[PDB]
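Enquirer: This one's experimental. Sequence and coordinates below.
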Amino acid sequence: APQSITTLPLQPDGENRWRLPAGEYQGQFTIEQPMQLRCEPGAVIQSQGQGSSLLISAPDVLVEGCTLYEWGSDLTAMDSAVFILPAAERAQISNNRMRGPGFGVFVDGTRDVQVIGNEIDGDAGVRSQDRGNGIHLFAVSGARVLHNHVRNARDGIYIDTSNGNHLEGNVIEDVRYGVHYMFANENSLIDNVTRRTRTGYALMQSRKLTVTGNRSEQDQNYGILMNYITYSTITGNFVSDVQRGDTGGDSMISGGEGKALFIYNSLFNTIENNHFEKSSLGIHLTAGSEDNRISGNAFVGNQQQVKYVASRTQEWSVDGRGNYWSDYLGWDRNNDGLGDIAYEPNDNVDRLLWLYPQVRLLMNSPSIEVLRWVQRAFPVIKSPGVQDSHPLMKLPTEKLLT
Amino acid sequence: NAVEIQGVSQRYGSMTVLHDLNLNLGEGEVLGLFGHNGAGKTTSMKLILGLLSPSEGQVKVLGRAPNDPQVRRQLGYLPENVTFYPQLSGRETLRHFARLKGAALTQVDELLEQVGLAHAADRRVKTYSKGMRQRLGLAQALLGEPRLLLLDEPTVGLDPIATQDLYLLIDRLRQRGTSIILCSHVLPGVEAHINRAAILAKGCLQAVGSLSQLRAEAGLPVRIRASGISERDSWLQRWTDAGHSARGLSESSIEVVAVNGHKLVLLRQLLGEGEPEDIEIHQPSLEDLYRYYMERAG
Amino acid sequence: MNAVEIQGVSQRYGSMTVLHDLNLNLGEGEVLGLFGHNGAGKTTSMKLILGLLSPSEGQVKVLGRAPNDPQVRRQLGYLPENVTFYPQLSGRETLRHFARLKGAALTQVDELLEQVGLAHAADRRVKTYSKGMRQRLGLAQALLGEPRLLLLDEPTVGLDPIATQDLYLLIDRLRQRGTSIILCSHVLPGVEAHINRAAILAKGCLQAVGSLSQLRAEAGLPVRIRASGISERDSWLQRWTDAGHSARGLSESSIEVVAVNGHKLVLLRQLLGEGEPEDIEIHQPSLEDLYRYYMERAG
Amino acid sequence: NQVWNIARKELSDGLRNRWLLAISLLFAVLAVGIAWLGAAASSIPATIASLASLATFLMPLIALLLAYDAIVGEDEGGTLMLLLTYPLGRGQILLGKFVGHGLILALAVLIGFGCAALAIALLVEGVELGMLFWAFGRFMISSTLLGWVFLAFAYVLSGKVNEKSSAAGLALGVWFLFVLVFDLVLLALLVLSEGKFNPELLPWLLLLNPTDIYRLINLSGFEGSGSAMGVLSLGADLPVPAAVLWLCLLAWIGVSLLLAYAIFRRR
Amino acid sequence: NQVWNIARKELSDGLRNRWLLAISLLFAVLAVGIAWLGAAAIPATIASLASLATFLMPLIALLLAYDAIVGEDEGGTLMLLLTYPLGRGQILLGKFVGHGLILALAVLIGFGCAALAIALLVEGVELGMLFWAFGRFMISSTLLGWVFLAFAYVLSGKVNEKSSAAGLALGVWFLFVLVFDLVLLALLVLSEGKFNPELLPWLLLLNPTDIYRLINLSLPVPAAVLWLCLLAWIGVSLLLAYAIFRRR
Ligand SMILES: [Mg+2]
């Protein structure tokens, strides 16, 4: 395992700034000195297939313009492409191309690290169980990972116990998980795009974080999965066409019919201005996760809008303004934005189908069509559901479709 | 003088379905209206009951107006077909009609035994035959001493023991002084019990009067048939001497069409010489008289 | 060649025998009248001539065959009482339906519509028909084909006396051809001029059968001689009381004589020999009075 | 009086109708079942709007089962032509039938809402007996009036027709139109126009439907949620007070009974 | 054959029934109005059409034939027809052919305008899949109607009056459409310890409205068993109707 000084870097400017010329190299490399090395676009630093290719142990290293190829795959020994030590504070990893079967960007113990604008193509043949993480973050405070392009890794941008960091504008395509969150209190992520993913956003046990403006196009079985998130903010997310499928391993999640949002034990969070489009389930609300501000979303095109297996009432309108529902057959007499009658998304026969799957044989019966009308005529048999007084009449997310 | 219809020419739809009938009915007679089931007979039936208004003429039932409540307690109307109230009983139907006509309630128990219906009293009218409902229809007609019956075919669907007993009940009320009108179409048999027939056709009342008057005002042949006679060859000619055509229709069915002008000379020929077996003076019946007057009108 | 040979039947429902030892023989051209009450004495004997029931202790020979053959029922008309046909169908289409079932030719439909007098009310619905208008339709299906036996159960209910006399004029045209028919009626005056032989039967048994001359001869019933002013009522009331006949003392100028018609050959000789016969009416005891006698002969 | 002598018949003839006593016991066993489910869930504005919807489906049904064959059932039965030859008028054998069939609906709902009150005072512990008697007294003297409307509707459609098979088609047509078609025509007019057809005329169309005037009377005090009303959330926009809503229910009787008498006077 | 000569009567008498033509018009408008709100707003609209024809095709069949036998006995023509050259089998089977071709035409006006409202308002519906999914729909809707036709002959031959026939024709319509499936849900949501839910796909075969939906929603049995179980509901109940009609 050689070092970065063992190459031939031509210095453009004398403030520990280097520039590697075009030409291939070989083996692992190690940065031990604060060198702000740049690269020409023909600088294909290709390792042989073992070890971390560009290990960084010095603070303030602005790695720029490299092209990495074929590092290791030993996930137990954490063969990354860019390993960044806890002593390597404020590292900049700008505009890089990576292709190799292990970790793309493994950082740990770092502060103010910047992983910007990179293209990390993970794998093609591995079964999405040993591909390694795209941008792995392990307990970092201050980080700024912006506008990268991770493709075909394992579980995308993994984040473990990292407190304050932004995830801005990065495109994530054909991976297992889009963005994984583990105990990342007071986090933030803006405008990210996840495409064709077996879970679009894993939000596990991370409190007080901001999920805003993100997009999930044609992901599988879980649009945004939130487990045990408190005091969060879900404003402006566009979740489109969560089709059914399976993750293939069934390790931490199960196979689903397609849920655009799955709320599991999340007590307090503001879920406003979202757009849940054309999935099988628009929103799944578990029984432990109740009494949170859910107002202003757009539940359009879903085959079933809310799944709420409970008998507790749940008002879904803060400050008198509710959500837009596509199947809301209501009117507006006094010309405000709000509808006039409240909207119950669930019947009593729509929750017998969730409790007992043998009612699917009886779901086309006239007696079920009688029982849907008996609830609309006799409200004593209506179980207290997930209604919202004053639902919206027009689309509030006129900007999220662009 | 119970029913005094005078000058009535009923118009409806500018059709003139009744015209200028002058029908005075006596205080003990049994009149028979014998029109068709068209607008001649049933229009004059509705005029006497008071449920129609006589245009251009006056109807005076019992000396008063036909729609007064004081005379309508003294009427009785048996209609054509009355399936009354199938869930009510027999006594409760007749007690209902007794409360409406002002009759005393003690008449109901002695009218369900006068008419033969005490076995079917306190039984539902859906379990009644057609004859038992005509028995019930008569029971409300005799309710509270009516001075004018008006029976519109009372003997349909009825056994002939009850039919012969109904006309004896009619003949009990004729002696009591109650005028009865029989609007009927079962004309053979009713000619023995009526006093005056009234054949009306195409609105115009063609002929009225007793049965002896209708045979006098219409020359009709008496139809002597002698089925089963002893000797037949001389009986073709010995009656034909005075112009009575010995016309036959079977092996021995010689219906001699006479002229009703030589009744002296054929009976002195029969009883002065020769022994008879079964003489049959057959008067011209109500079918032949009705077939003359309806044919005379068209 | 007897048409209906009811040969000793005994029809029972449970333990009760509703028709016991009935023995009829209708001829080849006779018109017989099954008179009686509406109970099970008459209406079950009407069904044994049809193919509807079976003789529990006898046999019936309708037209020399069994009563349930298809060759029998193609030449057997039957008009039932109180019939109400399919009211949304028309009058011509109902006869065109019934002609296809009996195998009659369709050129006989328009003949029989004219024959019963239903040409004006053809191609109109049966719901806008009268009671007597449906009796003309029910008669018209009975004449379909060439029938040899008719069971006219109450044919003249709700019919005008022109049409009633039109029906019996059609009977005497039919029975001359050889169609022996059966009346099951209740209007007993009127049928007696056309009934060839009555068949008055009680609750269970068969009371009397034979012609009207045989019923009046066997059952001794008094003649109803009525007069109006021969010489005087009071001078003539004494004469029948010595001779053994009832003379009713009516009101004025009317002599009603109920004579016993065993002496009426010589009783009319003194009545003719002293006055003019200018208004007399000797009436034989009618079928209404004969049926009242035979019901009291048993029951 | 002659009006009571023919009312005593229909009081003793409607109570032998077995089809009445089936769907009047069905009104009793459902009003107990709704009030028991309203007791186990405790709510109060949901057990009022469901009982008023129960009597919307059944009190027009008992009224139209009674009186569809009142005039035409006597006309083709022959006993109407007989009755006019008794000392009566056409106004007395109609008002007498209205009194006779009206006491049945006054007894079919006193049985129904009577056992509904005893399934609340013996079920809900600590309920206000003054509020129970007042709310279910308003249910008793207004479900008769809804019943008397459809009773007077049935005399209109019996005098106009001349065959009882066509009277049963019109009585089923009136029950379908006023109960669950006018509530759906007004719903489809509001959905497809998105409430912009007329912002002031559309609450006045509730007064052209007596089942909607009936629902607006009983849901006066217990308003509660808006979805318990549904189409009846338009009734808050009606500027009329509660006393005229009683008077528009009585005017639906008296107009459609004088129409029932003017049709029957030229029968 | 006289099974057809009495079948031509019931076509001409059934098509002039004012009660049938009101419901058959209301069946054809609602089949368009479901197809209007299913195309402008194809397995999603053929399931809602199956719930429509489970409501009305038992009601159309019971309106035709509740007064087939006892309506002729009260009219007196049934007593007349047995004296004709006609067996009791040919009267019943000839009414079943005559009333059968009425509701075999009422689905061609019912779904003939519903399939017209789908093939002309989607513009790219791929009609080769339409004419096999609606060909399976029109055939199976007639066979559902022929069950309730044969159910109507069973209750007509048993009763003696026309008023109690409509009281049973309303009772068969309530029991076989929306009381049997409501007691199937009550056997599910209230009983779970002694009610095997694997047993429940065989109890769906005891209800011809339920077998009707199962061959419009395509399950331990194949499709061909359900076609032979729907025809067995015709053939048993017609044989039951013939056994009742021979005991009058
Ligand atoms: Mg508004």
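Expert: On my side now, so go ahead. Numbers count the residues shown, from 1 in each chain, chains lettered A, B, ... in the order given.

Enquirer: Count the neighbours of residue B:272 for me.
Expert: Counted with other CB atoms under 10 Å in any protein chain shown, residues neighbouring residue B:272 total 10. For every residue, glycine as well, the C-beta is placed using N, CA and C.

Enquirer: With adjacent residues omitted, what lies nearest to residue D:7?
Expert: Counting by CB to CB, 6 or more residues apart in numbering or on different chains, residue D:100 is the residue found nearest to residue D:7 once chain neighbours are left out, at 3.7 Å.

Enquirer: That neighbour and residue D:15 touch, don't they?
Expert: No: with contacts counted by CB atoms under 8 Å, residue D:100 stays clear of residue D:15, the gap being 10.4 Å.

Enquirer: dump the residue contacts of the residue in chain D positioned nearest to chain C.
Expert: Using CB to the nearest CB, residue D:163 is the residue of chain D that sits closest to chain C, at 8.3 Å. With contacts defined as CB atoms under 8 Å, 6 or more residues apart in numbering or on different chains, residue D:163 is in contact with D:72, D:76.

Enquirer: and if we set it to 10 Å?
Expert: C:127, D:72, D:75, D:76, D:169 (CB atoms under 10 Å, 6 or more residues apart in numbering or on different chains).

Enquirer: in the helix or strand containing the residue nearest to residue D:7, what counts as buried?
Expert: Assessed by DSSP states H and E, residue D:100 sits inside helix D:92-121. Buried residues in helix D:92-121, counted by 16 or more other CB atoms under 10 Å in any protein chain shown: D:92-105, D:107-109, D:112-113, D:115-117, D:119-120.

Enquirer: for stretch B:187-199, same thing?
Expert: Using 16+ other CB under 10 Å as the test for burial, stretch B:187-199 gives B:187, B:188, B:189, B:190, B:191, B:193, B:194, B:195, B:196, B:197, B:198, B:199.

Enquirer: Run the chain-centre distance for that stretch.
Expert: Per CA atoms, centre = their mean, to the nearest Å, the displacement of stretch B:187-199 from the mean C-alpha position of its chain is 5 Å.

Enquirer: Is chain C within reach of it?
Expert: Yes: counting by CB under 10 Å from any CB of the partner chain, chain C has neighbours in stretch B:187-199: B:187, B:188, B:189, B:190, B:191, B:192.

Enquirer: Please verify my assumption that the last one contacts residue B:163.
Expert: Spelled out, that is residue B:192. No: applying CB atoms under 10 Å as the test, residue B:192 and residue B:163 come out as separate, 11.9 Å apart.

Enquirer: shared neighbours of these two, anything?
Expert: C:189, C:288.

Enquirer: Tell me how many other residues surround the closest residue to chain E within the stretch 1-150 of chain A.
Expert: As assessed by CB to the nearest CB, chain E sits closest to residue A:128 within the stretch 1-150 of chain A, at 32.5 Å. Neighbours of residue A:128 under the rule other CB under 10 Å: 19.

Enquirer: Kindly report the same for residue B:264.
Expert: 13.

Enquirer: so it is in which element?
Expert: helix B:263-272.

Enquirer: helix or strand right after that helix?
Expert: helix B:286-297.

Enquirer: Can you tell me which residues in chain D are near chain B?
Expert: Contact residues, chain D versus chain B (CB under 10 Å from any CB): D:2, D:4-6, D:8-10, D:12-18, D:73-74, D:76-90, D:92-93.

Enquirer: Repeat the analysis, applying 6 Å as the threshold.
Expert: Within chain D, the residues that sit near chain B (CB under 6 Å from any CB of the partner chain) are D:5, D:9, D:13, D:16, D:77-79, D:81-82, D:84-87.

Enquirer: Mind checking which of those are in helices?
Expert: Among the residues of chain D next to chain B, the members falling in helices (DSSP state H) are D:5, D:9, D:13, D:79, D:81, D:82.

Enquirer: returning to that earlier point: now the residues of chain D next to chain B: which count as buried?
Expert: Buried residues within the residues of chain D next to chain B, defined by neighbour count using 16+ other CB under 10 Å: D:5, D:9, D:13, D:77, D:78, D:79, D:81, D:82, D:84, D:85, D:86, D:87.

Enquirer: just curious, which of those is nearest to residue A:277?
Expert: Comparing those against residue A:277 with CB to CB places residue D:13 closest, at 63.6 Å.

Enquirer: check contacts around the closest one.
Expert: Applying CB atoms under 6 Å, 6 or more residues apart in numbering or on different chains, we find residue D:13 in contact with B:87, B:88.

Enquirer: From residue B:125, how far off is it?
Expert: Distance, residue D:13 to residue B:125, by CB to CB, to the nearest Å: 11 Å.

Enquirer: what's around residue D:130, how many residues?
Expert: Around residue D:130 there are 8 other residues, counting by other CB under 10 Å.

Enquirer: still on that earlier bit, what would the buried residues of stretch B:187-199 look like in a markdown table with secondary structure and distance to residue A:385?
Expert: Output for those, formatted as a markdown table (DSSP: H, G, I helix; E, B strand; the rest coil; distance: CB to CB, whole Å):
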| residue | secondary structure | distance to residue A:385 |
| --- | --- | --- |
| B:187 | coil | 80 |
| B:188 | coil | 82 |
| B:189 | coil | 81 |
| B:190 | helix | 80 |
| B:191 | helix | 85 |
| B:193 | coil | 83 |
| B:194 | coil | 83 |
| B:195 | coil | 86 |
| B:196 | strand | 86 |
| B:197 | strand | 84 |
| B:198 | strand | 82 |
| B:199 | strand | 83 |
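
Enquirer: got TSV for those, with distance to chain D too?
Expert: Listed next are the buried residues of stretch B:187-199 as TSV, based on distance: CB to the nearest CB, whole Å:
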residue	distance to chain D
B:187	23
B:188	26
B:189	24
B:190	22
B:191	27
B:193	23
B:194	22
B:195	23
B:196	23
B:197	24
B:198	20
B:199	24
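
Enquirer: Which of those residues sits closest to the ion?
Expert: Closest to the ion out of the buried residues of stretch B:187-199 is residue B:198 (79.4 Å), distances taken as CB to the ion.

Enquirer: Taking the stretch 1-150 of chain B, what residue is nearest to chain A?
Expert: Chain A sits closest to residue B:87 of the stretch 1-150 of chain B, with a gap of 32.4 Å, by CB to the nearest CB.

Enquirer: Find the nearest non-adjacent residue to that residue, please.
Expert: Of all residues not flanking residue B:87 in the chain, residue D:16 sits nearest, at 4.3 Å (CB to CB, 6+ apart).

Enquirer: same deal with residue B:104?
Expert: Residue B:104 sits nearest to residue B:144 (CB to CB, 6+ apart), 7.0 Å away.

Enquirer: Quickly find the element holding the one you found.
Expert: Assessed by DSSP H and E, residue B:144 sits outside every helix and strand.

Enquirer: What distance do you get for it to residue C:86?
Expert: To residue C:86, residue B:144 is 44 Å away according to CB to CB.

Enquirer: Contacts only, for residue B:56.
Expert: If a contact means CB under 6 Å, 6+ apart, then residue B:56 has residue B:9 as its contacts.

Enquirer: Quick check: buried residues in stretch A:361-372?
Expert: The neighbour-count check on stretch A:361-372 (16+ other CB under 10 Å) flags A:361, A:362, A:363, A:364, A:365, A:366, A:367, A:368, A:369, A:370, A:371 as buried.

Enquirer: Which helix runs longest in chain B?
Expert: In chain B, assigned by DSSP H, the helix with the most residues is helix B:160-176.

Enquirer: Can that helix be said to contact chain C?
Expert: Yes: against chain C, helix B:160-176 shows contacts by CB under 6 Å from any CB at B:160, B:164.
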